[PDB]
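Participant: Supplied structure: target35.cif, mmCIF, C-alpha atoms.
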data_input
#
loop_
_atom_site.label_atom_id
_atom_site.label_comp_id
_atom_site.auth_asym_id
_atom_site.auth_seq_id
_atom_site.Cartn_x
_atom_site.Cartn_y
_atom_site.Cartn_z
CA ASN A 363 24.43 8.99 -26.31
CA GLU A 364 27.58 7.58 -24.71
CA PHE A 365 27.76 4.83 -27.34
CA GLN A 366 27.61 7.28 -30.25
CA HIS A 367 29.93 9.73 -28.49
CA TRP A 368 32.87 7.55 -27.42
CA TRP A 369 32.42 4.73 -29.97
CA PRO A 370 30.50 5.87 -33.07
CA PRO A 371 31.26 2.68 -35.04
CA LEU A 372 29.31 0.53 -32.58
CA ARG A 373 25.90 -0.52 -33.94
CA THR A 374 23.57 0.29 -31.03
CA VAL A 375 19.79 0.69 -31.20
CA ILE A 376 16.80 1.34 -28.94
CA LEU A 377 14.28 -1.47 -28.41
CA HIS A 378 11.40 0.87 -27.58
CA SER A 379 9.77 1.61 -30.96
CA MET A 380 12.44 0.32 -33.35
CA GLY A 381 12.41 -2.17 -36.21
CA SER A 382 14.98 -4.23 -38.15
CA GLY A 383 17.28 -4.99 -35.21
CA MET A 384 17.94 -8.72 -35.38
CA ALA A 385 17.31 -8.50 -39.13
CA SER A 386 20.34 -6.20 -39.41
CA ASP A 387 23.72 -7.01 -37.88
CA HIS A 442 25.97 -6.05 -32.49
CA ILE A 443 24.34 -4.03 -29.67
CA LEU A 444 20.75 -3.80 -28.47
CA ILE A 445 19.18 -1.75 -25.68
CA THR A 446 15.71 -2.46 -24.30
CA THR A 447 13.36 -1.77 -21.42
CA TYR A 448 12.65 -4.35 -18.73
CA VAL A 449 8.94 -4.03 -19.50
CA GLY A 450 9.96 -4.24 -23.14
CA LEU A 451 11.84 -7.43 -22.30
CA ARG A 452 8.64 -8.81 -20.78
CA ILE A 453 6.66 -7.80 -23.88
CA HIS A 454 9.20 -9.47 -26.19
CA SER A 455 8.93 -12.98 -24.77
CA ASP A 456 9.21 -14.13 -28.40
CA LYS A 457 12.32 -15.57 -30.10
CA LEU A 458 14.17 -12.56 -28.65
CA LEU A 459 14.77 -14.65 -25.52
CA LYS A 460 16.38 -17.31 -27.75
CA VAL A 461 18.87 -14.94 -29.39
CA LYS A 462 21.51 -15.89 -26.79
CA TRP A 463 23.03 -12.42 -26.58
CA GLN A 464 26.72 -13.18 -26.11
CA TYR A 465 27.31 -10.26 -23.73
CA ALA A 466 24.20 -9.68 -21.60
CA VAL A 467 24.31 -6.74 -19.17
CA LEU A 468 21.44 -5.45 -17.03
CA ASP A 469 21.52 -1.84 -15.86
CA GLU A 470 18.95 -1.66 -13.04
CA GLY A 471 19.90 -4.75 -11.10
CA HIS A 472 17.86 -3.30 -8.24
CA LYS A 473 14.80 -4.03 -10.42
CA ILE A 474 15.51 -7.79 -10.36
CA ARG A 475 16.13 -8.10 -6.62
CA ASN A 476 13.01 -10.18 -6.04
CA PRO A 477 13.48 -13.77 -7.27
CA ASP A 478 9.73 -14.09 -7.90
CA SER A 479 9.46 -10.79 -9.80
CA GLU A 480 8.59 -11.30 -13.45
CA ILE A 481 11.44 -9.04 -14.58
CA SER A 482 14.09 -11.10 -12.78
CA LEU A 483 12.74 -14.43 -14.04
CA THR A 484 12.37 -13.09 -17.59
CA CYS A 485 16.02 -12.03 -17.49
CA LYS A 486 16.93 -15.42 -16.03
CA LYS A 487 15.40 -17.38 -18.91
CA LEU A 488 17.71 -15.46 -21.25
CA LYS A 489 20.82 -17.49 -20.39
CA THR A 490 24.12 -16.55 -22.00
CA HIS A 491 27.73 -17.51 -21.34
CA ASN A 492 28.36 -13.97 -20.00
CA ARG A 493 25.54 -12.28 -18.07
CA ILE A 494 26.27 -9.16 -16.03
CA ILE A 495 24.32 -6.88 -13.70
CA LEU A 496 24.96 -3.18 -13.08
CA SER A 497 22.78 -2.87 -9.98
CA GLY A 498 22.49 0.75 -8.91
CA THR A 499 22.75 -0.35 -5.28
CA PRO A 500 23.76 -3.55 -3.47
CA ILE A 501 21.48 -5.50 -1.11
CA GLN A 502 18.78 -3.34 0.48
CA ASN A 503 16.16 -5.74 1.86
CA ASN A 504 17.26 -9.39 1.88
CA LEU A 505 20.19 -11.64 1.01
CA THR A 506 17.83 -13.53 -1.29
CA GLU A 507 18.22 -10.50 -3.55
CA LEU A 508 21.96 -11.14 -3.70
CA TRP A 509 21.23 -14.81 -4.34
CA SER A 510 19.01 -13.89 -7.29
CA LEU A 511 21.61 -11.50 -8.71
CA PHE A 512 24.42 -14.06 -8.39
CA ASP A 513 22.21 -16.77 -9.88
CA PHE A 514 21.53 -14.57 -12.90
CA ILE A 515 25.24 -13.84 -13.36
CA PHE A 516 26.79 -16.94 -11.72
CA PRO A 517 24.19 -19.71 -11.42
CA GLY A 518 26.51 -22.65 -10.75
CA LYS A 519 28.88 -20.87 -8.35
CA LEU A 520 26.30 -20.56 -5.55
CA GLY A 521 23.82 -22.93 -3.95
CA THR A 522 20.11 -23.05 -4.65
CA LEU A 523 17.47 -21.02 -2.80
CA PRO A 524 17.21 -23.53 0.11
CA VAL A 525 20.94 -23.89 0.73
CA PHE A 526 21.13 -20.10 0.77
CA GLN A 527 18.16 -19.37 3.03
CA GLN A 528 18.73 -22.08 5.64
CA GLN A 529 22.52 -21.52 5.56
CA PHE A 530 23.58 -18.32 3.77
CA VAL A 531 21.66 -15.94 6.03
CA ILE A 532 23.44 -13.57 8.44
CA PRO A 533 20.60 -13.99 10.97
CA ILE A 534 20.38 -17.06 13.22
CA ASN A 535 19.98 -19.18 10.08
CA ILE A 536 23.75 -19.03 9.47
CA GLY A 537 24.46 -18.87 13.20
CA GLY A 538 24.11 -15.19 14.06
CA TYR A 539 25.62 -16.39 17.34
CA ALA A 540 28.28 -18.40 15.48
CA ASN A 541 30.44 -17.99 18.60
CA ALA A 542 27.81 -19.94 20.60
CA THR A 543 26.73 -16.68 22.24
CA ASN A 544 23.28 -15.23 22.92
CA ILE A 545 20.79 -16.09 20.19
CA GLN A 546 20.95 -12.40 19.27
CA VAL A 547 22.74 -11.80 15.97
CA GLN A 548 25.94 -10.19 17.26
CA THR A 549 28.63 -12.87 16.85
CA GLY A 550 27.50 -14.24 13.49
CA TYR A 551 30.91 -14.17 11.82
CA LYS A 552 33.33 -16.56 10.09
CA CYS A 553 30.28 -17.92 8.22
CA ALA A 554 28.64 -14.88 6.63
CA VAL A 555 32.08 -13.26 6.41
CA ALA A 556 33.21 -16.34 4.48
CA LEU A 557 30.36 -15.84 2.00
CA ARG A 558 31.23 -12.15 1.69
CA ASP A 559 34.84 -13.04 0.90
CA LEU A 560 33.65 -15.68 -1.57
CA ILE A 561 31.52 -13.10 -3.40
CA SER A 562 34.11 -10.30 -3.29
CA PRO A 563 36.00 -11.88 -6.25
CA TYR A 564 32.75 -11.28 -8.18
CA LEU A 565 31.74 -7.72 -7.18
CA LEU A 566 33.25 -4.25 -7.58
CA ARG A 567 32.48 -1.14 -5.54
CA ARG A 568 33.98 2.35 -5.49
CA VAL A 569 32.93 4.63 -2.64
CA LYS A 570 32.25 8.24 -3.61
CA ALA A 571 34.78 9.26 -0.95
CA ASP A 572 37.37 7.25 -2.90
CA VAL A 573 37.61 9.93 -5.61
CA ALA A 574 34.69 12.24 -4.78
CA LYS A 575 36.00 13.50 -1.44
CA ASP A 576 34.42 16.85 -2.36
CA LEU A 577 31.17 15.93 -0.58
CA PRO A 578 30.24 18.39 2.20
CA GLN A 579 29.02 17.10 5.55
CA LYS A 580 25.91 14.94 5.79
CA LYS A 581 23.62 15.26 8.81
CA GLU A 582 21.64 12.43 10.41
CA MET A 583 19.40 14.80 12.37
CA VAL A 584 16.43 12.67 13.44
CA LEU A 585 13.77 15.11 14.61
CA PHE A 586 11.14 14.05 17.15
CA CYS A 587 7.48 15.01 17.49
CA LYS A 588 4.75 14.78 20.13
CA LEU A 589 1.45 13.00 19.54
CA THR A 590 -1.48 15.33 20.18
CA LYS A 591 -4.31 14.46 22.55
CA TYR A 592 -6.66 13.92 19.61
CA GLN A 593 -4.02 11.79 17.88
CA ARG A 594 -3.29 9.87 21.08
CA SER A 595 -6.98 9.18 21.64
CA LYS A 596 -7.46 7.87 18.10
CA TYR A 597 -4.27 5.82 18.39
CA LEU A 598 -5.47 4.17 21.60
CA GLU A 599 -8.94 3.60 20.14
CA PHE A 600 -7.51 1.81 17.11
CA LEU A 601 -5.10 -0.21 19.25
CA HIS A 602 -7.96 -1.39 21.47
CA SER A 603 -10.23 -2.14 18.50
CA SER A 604 -7.49 -3.45 16.18
CA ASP A 605 -7.58 -7.01 17.52
CA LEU A 606 -10.34 -8.78 15.60
CA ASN A 607 -8.35 -11.84 14.54
CA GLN A 608 -5.34 -10.09 16.16
CA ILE A 609 -3.82 -9.81 12.70
CA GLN A 610 -6.79 -10.35 10.38
CA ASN A 611 -4.02 -11.36 7.99
CA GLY A 612 -2.96 -7.75 8.34
CA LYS A 613 -5.65 -6.03 6.27
CA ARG A 614 -5.73 -2.67 8.06
CA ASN A 615 -4.96 -4.11 11.51
CA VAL A 616 -1.21 -4.82 11.73
CA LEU A 617 0.35 -4.92 8.27
CA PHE A 618 -1.82 -2.05 7.05
CA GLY A 619 -3.08 -1.00 10.43
CA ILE A 620 0.35 0.59 10.25
CA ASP A 621 -1.20 2.71 7.50
CA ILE A 622 -3.98 3.75 9.89
CA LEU A 623 -1.40 4.62 12.54
CA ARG A 624 0.59 6.66 10.02
CA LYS A 625 -2.55 8.50 8.91
CA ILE A 626 -3.35 9.31 12.54
CA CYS A 627 0.22 10.55 13.02
CA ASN A 628 0.28 12.77 9.94
CA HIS A 629 -3.26 13.81 8.92
CA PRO A 630 -5.67 12.90 11.73
CA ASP A 631 -7.78 15.86 10.63
CA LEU A 632 -8.50 14.29 7.22
CA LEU A 633 -8.28 10.61 8.23
CA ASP A 634 -10.80 9.43 5.65
CA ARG A 635 -11.07 8.69 1.95
CA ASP A 636 -13.99 11.15 1.70
CA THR A 637 -11.88 14.19 2.53
CA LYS A 638 -14.11 16.59 0.57
CA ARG A 639 -16.62 16.67 3.43
CA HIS A 640 -13.84 17.89 5.76
CA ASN A 641 -11.84 19.80 3.13
CA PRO A 642 -13.63 23.13 3.80
CA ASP A 643 -12.59 22.98 7.48
CA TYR A 644 -9.55 20.67 7.22
CA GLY A 645 -6.77 19.92 7.32
CA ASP A 646 -6.09 21.43 10.74
CA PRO A 647 -2.44 21.60 11.86
CA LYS A 648 -3.59 21.83 15.49
CA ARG A 649 -4.28 18.08 15.32
CA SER A 650 -0.69 17.33 14.21
CA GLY A 651 2.41 18.77 15.85
CA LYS A 652 4.48 17.43 12.97
CA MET A 653 2.84 20.07 10.79
CA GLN A 654 3.85 22.68 13.38
CA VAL A 655 7.47 21.48 13.28
CA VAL A 656 7.40 21.57 9.48
CA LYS A 657 6.04 25.12 9.58
CA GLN A 658 8.75 26.22 12.00
CA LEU A 659 11.55 24.71 9.91
CA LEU A 660 10.17 26.08 6.64
CA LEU A 661 9.81 29.59 8.08
CA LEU A 662 13.34 29.45 9.51
CA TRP A 663 14.78 28.32 6.17
CA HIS A 664 12.77 30.92 4.25
CA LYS A 665 14.07 33.72 6.46
CA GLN A 666 17.49 32.09 5.99
CA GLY A 667 16.87 31.63 2.25
CA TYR A 668 17.51 27.88 2.05
CA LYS A 669 16.04 25.79 -0.77
CA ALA A 670 14.21 23.07 1.16
CA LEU A 671 13.21 19.60 -0.03
CA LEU A 672 10.16 17.92 1.50
CA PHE A 673 9.67 14.16 1.11
CA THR A 674 6.14 12.86 1.61
CA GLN A 675 4.08 9.67 1.62
CA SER A 676 1.11 8.73 -0.60
CA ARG A 677 -0.12 11.67 -2.65
CA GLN A 678 -3.06 12.28 -0.28
CA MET A 679 -0.61 13.54 2.34
CA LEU A 680 1.13 15.50 -0.42
CA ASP A 681 -2.07 17.33 -1.37
CA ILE A 682 -3.00 17.93 2.28
CA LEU A 683 0.41 19.50 2.93
CA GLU A 684 0.08 21.59 -0.23
CA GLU A 685 -3.30 22.94 0.88
CA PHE A 686 -1.94 23.60 4.37
CA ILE A 687 1.06 25.62 3.20
CA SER A 688 -0.88 27.42 0.47
CA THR A 689 -4.00 28.55 2.34
CA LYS A 690 -4.31 27.21 5.89
CA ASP A 691 -1.42 29.20 7.37
CA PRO A 692 -0.80 32.71 5.97
CA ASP A 693 2.73 32.58 7.39
CA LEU A 694 3.64 29.73 5.03
CA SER A 695 1.53 31.21 2.22
CA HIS A 696 4.15 33.95 1.91
CA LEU A 697 6.62 31.24 0.89
CA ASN A 698 6.64 30.36 -2.80
CA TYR A 699 6.59 26.59 -3.29
CA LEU A 700 6.80 23.89 -5.95
CA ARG A 701 5.01 20.57 -6.40
CA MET A 702 5.80 17.09 -7.68
CA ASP A 703 4.07 13.71 -7.76
CA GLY A 704 4.13 10.34 -9.50
CA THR A 705 1.49 11.50 -11.99
CA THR A 706 3.55 14.47 -13.22
CA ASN A 707 4.50 14.37 -16.89
CA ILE A 708 8.09 13.46 -17.71
CA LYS A 709 8.63 16.74 -19.57
CA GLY A 710 6.97 18.61 -16.72
CA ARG A 711 9.07 16.62 -14.26
CA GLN A 712 12.28 17.69 -16.00
CA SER A 713 11.07 21.29 -16.17
CA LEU A 714 10.30 21.31 -12.44
CA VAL A 715 13.68 19.74 -11.64
CA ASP A 716 15.43 22.41 -13.70
CA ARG A 717 13.40 25.11 -11.94
CA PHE A 718 14.33 23.70 -8.53
CA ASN A 719 18.03 23.61 -9.40
CA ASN A 720 17.76 27.37 -10.04
CA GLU A 721 14.52 28.19 -8.22
CA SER A 722 13.38 31.48 -6.74
CA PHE A 723 10.95 29.43 -4.62
CA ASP A 724 11.24 28.43 -0.96
CA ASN B 834 -69.84 -25.08 14.00
CA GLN B 835 -70.16 -28.47 12.33
CA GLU B 836 -66.52 -29.50 12.62
CA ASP B 837 -64.34 -28.42 15.54
CA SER B 838 -65.14 -24.83 14.58
CA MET B 839 -67.49 -22.80 16.76
CA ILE B 840 -69.94 -19.90 16.68
CA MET B 841 -69.20 -16.69 18.60
CA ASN B 842 -71.75 -14.13 19.73
CA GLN B 843 -70.90 -10.97 17.81
CA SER B 844 -72.51 -8.70 20.40
CA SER B 845 -70.20 -10.26 22.99
CA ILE B 846 -67.18 -9.39 20.86
CA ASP B 847 -68.56 -5.86 20.56
CA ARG B 848 -68.61 -5.52 24.37
CA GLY B 849 -65.01 -6.61 24.88
CA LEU B 850 -64.97 -10.42 24.92
CA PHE B 851 -61.54 -11.93 24.17
CA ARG B 852 -60.18 -8.61 22.92
CA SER B 853 -56.41 -8.60 23.22
CA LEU B 854 -53.60 -6.09 22.89
CA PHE B 855 -50.60 -6.80 20.67
CA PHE B 856 -47.17 -5.22 21.09
CA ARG B 857 -44.25 -5.39 18.66
CA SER B 858 -40.93 -3.70 19.40
CA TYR B 859 -38.50 -2.74 16.62
CA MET B 860 -34.81 -2.21 17.31
CA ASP B 861 -31.99 -0.52 15.40
CA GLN B 862 -28.64 0.92 16.46
CA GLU B 863 -25.92 2.97 14.81
CA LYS B 864 -23.46 0.55 13.24
CA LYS B 865 -20.19 -0.10 15.04
CA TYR B 866 -17.98 1.33 12.30
CA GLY B 867 -16.58 4.68 13.38
CA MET B 868 -13.32 4.51 11.42
CA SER B 869 -14.04 7.45 9.10
CA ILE B 870 -17.60 6.13 8.52
CA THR B 871 -20.78 5.57 10.52
CA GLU B 872 -24.52 4.92 10.14
CA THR B 873 -26.56 7.66 11.78
CA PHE B 874 -30.26 8.18 12.43
CA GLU B 875 -31.91 10.99 10.48
CA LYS B 876 -34.78 11.68 8.11
CA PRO B 877 -33.62 10.59 4.63
CA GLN B 878 -34.29 13.03 1.80
CA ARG B 879 -35.66 11.79 -1.52
CA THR B 880 -32.90 13.84 -3.16
CA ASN B 881 -29.93 12.78 -0.99
CA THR B 882 -29.89 8.98 -0.68
#
For this file, write the structure as C-alpha cells.
Facilitator:
Amino acid sequence: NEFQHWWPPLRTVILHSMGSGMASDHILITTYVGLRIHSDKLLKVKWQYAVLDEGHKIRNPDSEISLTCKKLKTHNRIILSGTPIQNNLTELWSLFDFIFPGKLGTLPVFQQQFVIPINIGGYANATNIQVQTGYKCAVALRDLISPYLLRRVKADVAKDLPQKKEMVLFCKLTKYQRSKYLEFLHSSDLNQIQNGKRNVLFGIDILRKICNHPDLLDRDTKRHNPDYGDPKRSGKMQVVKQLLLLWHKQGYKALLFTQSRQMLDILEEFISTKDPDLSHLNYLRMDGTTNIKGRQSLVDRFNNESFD
Amino acid sequence: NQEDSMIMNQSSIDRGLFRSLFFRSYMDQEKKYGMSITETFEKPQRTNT
C-alpha cells in the first residue's frame, strides 16, 4: 500500500501466491515462512538491497528463519527489527552478523568477551563479582555499534503520551494453594531437576497453575467443570473481580492479559456464570485460534465497544 | 513304590494325615501419583473401563 501510494512507478509484488516475479523485471516482498519454503534458486538471486522487517523474528542464531536469511548474502543487507535486544546479546550478534558479518567477531569472541555479565567483566572495576561496575568494555561495544543503529524514542516527537503506570499488584496465596505448593515443592525433587520436565523448568508451570487455577489444576477439567472453577481457591480471581467491578461502575474499558488458553477459558466461565456480579458486565473474548477477520472485527469492536 | 516313590494309605489321608494349610497374601496399593490423577479401589463396571 505504501509502495503504490508514495511511489506508484516502483515494481513491487507479493511473494505469497504470486507468479512471474523473477521472470519479469525491482522489488519483492515475501513472508519469512515463504522464504523458508523458497529455498530454491531464490536464495541465489543476490537481491542487491535486502531488508528484513521483523528482525525480532531472527533473534535466535539457531532459528531456521535467521539462518535462511543469512544464507542469502548480499552487499547490502538491512534489518528493521521492531524492537532491540530483549533476551540476550547473542541476538544482537546474530543481527549484526546478518547485516555486518565482518565488522564483529564470531560467536565465541562475542560470548566469552562481548557479554555485559561477568564474561566481559561485569566487575570491570575489579569490584564485587556482581555485575554493577561492568563498564568501559560493554560501553565500548555499545559505542562501536551506535554508528550502525538508529533509534527514535516516541517521546522525541510523540510527547503526547499520557502517563504510564507501573502498578504491580500483589496477591495472597490461599491455604489450599499454599498446601499444594508445599506438597509439590516437597515432592518435586526426584532427580532435583529431572532435566526440568515438570519439576523446575516446567514445574514452574505447575506452580503457576496452582497460583491461578488450583480449582481446575488438571487436564481433565470436565470432571470438575460442573463445580469449578472456584474463585475461593484463588485470591487473584477476587482481586480481578474487585478491579473489574470498580472499572465497570467507573465505565473504563479494561484489557485482561492471560496465559495459555486454558486459563483464558476458565476466566471466561468465571466471569460469565460463576459470579453474578461479574455476569452483569458485558465482555469480549480473544485467543490465538481466532480467525484473522474475526480478530480484526473484535479489535474494531473493542476500539468502540459498549462492553466492559 | 518300585523306584524311590512310595505307597500311601488312602484311609490315613482321609483321617487327616499330612494335611496342610496353604496361605497366599495378595497386595495392592493406590499408586503414588496424586498430581491431578490417582488409582483408586472400586468395583469396575463393564461399561465404564
Participant: At most 10 Å is the cut-off: for each residue in chain B with any atom that close to an atom of chain A, write down the nearest atom pair and the distance in Å rounded to one decimal, counting all atoms listed in the file, chain first then increasing number, as a Markdown table.
Facilitator:
| residue | atom | partner | partner_atom | distance |
| --- | --- | --- | --- | --- |
| B:868 | CA | A:634 | CA | 8.0 |
| B:869 | CA | A:634 | CA | 5.1 |
| B:870 | CA | A:634 | CA | 8.1 |
Participant: With the file shown as input, list the residues that the PyMOL selection byres ((chain A and resi 586) around 12) selects, as a ChimeraX atom specification.
Facilitator: /A:583-585,587-589,651-652,654-656
Participant: At a cut-off of 10 Å, using all atoms listed in the file, what residues contact range 873-882 of chain B? Leave out same-chain residues fewer than 3 positions from it and give the result as a PyMOL selection string.
Facilitator: chain B and resi 861-864+870
Participant: Would you mind reading off the distance between CA of residue 649 in chain A and CA of residue 590 in chain A, one decimal, in Å?
Facilitator: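 Result for CA of residue 649 in chain A versus CA of residue 590 in chain A: 6.2 Å, one decimal.
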Participant: Can you turn the PyMOL selection byres ((chain A and resi 533) around 12) into a concrete residue list for this file, as a PyMOL selection string?
Facilitator: chain A and resi 504-505+526-532+534-540+545-551+553-554
Participant: Suppose you want the space between CA of residue 492 in chain A and CA of residue 466 in chain A; what is it in Å?
Facilitator: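 Computed distance, CA of residue 492 in chain A to CA of residue 466 in chain A, equals 6.2 Å.
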Participant: Can you work out which one of A:642, A:667, A:707, A:445 has the shortest atom-to-atom distance to residue 365 in chain A, counting all atoms listed in the file?
Facilitator: A:445
Participant: I would like the residues chosen by the PyMOL selection byres ((chain A and resi 647) around 12) on the shown file; could you give them as a PyMOL selection string?
Facilitator: chain A and resi 590+592-593+627-632+643-646+648-657+682-683+685-687+689-691
Participant: Could you tell me how far CA of residue 446 in chain A sits from CA of residue 511 in chain A, in Å to one decimal place?
Facilitator: 19.0 Å
Participant: Return the padded bounding box of range 844-855 of chain B as JSON: axis-aligned, built from all atoms listed in the file, 8 Å added on each side, with centre and edge lengths in Å to one decimal.
Facilitator:
{"center_x": -61.6, "center_y": -8.7, "center_z": 22.7, "size_x": 37.9, "size_y": 22.4, "size_z": 20.5}
Participant: For range 473-480 of chain A, find every residue with an atom within 7 Å (counting only C-alpha atoms), except residues of its own chain fewer than 2 positions away, and show them as a list in words.
Facilitator: residues 470, 471, 482, 483, 484, 507, 510 and 511 of chain A
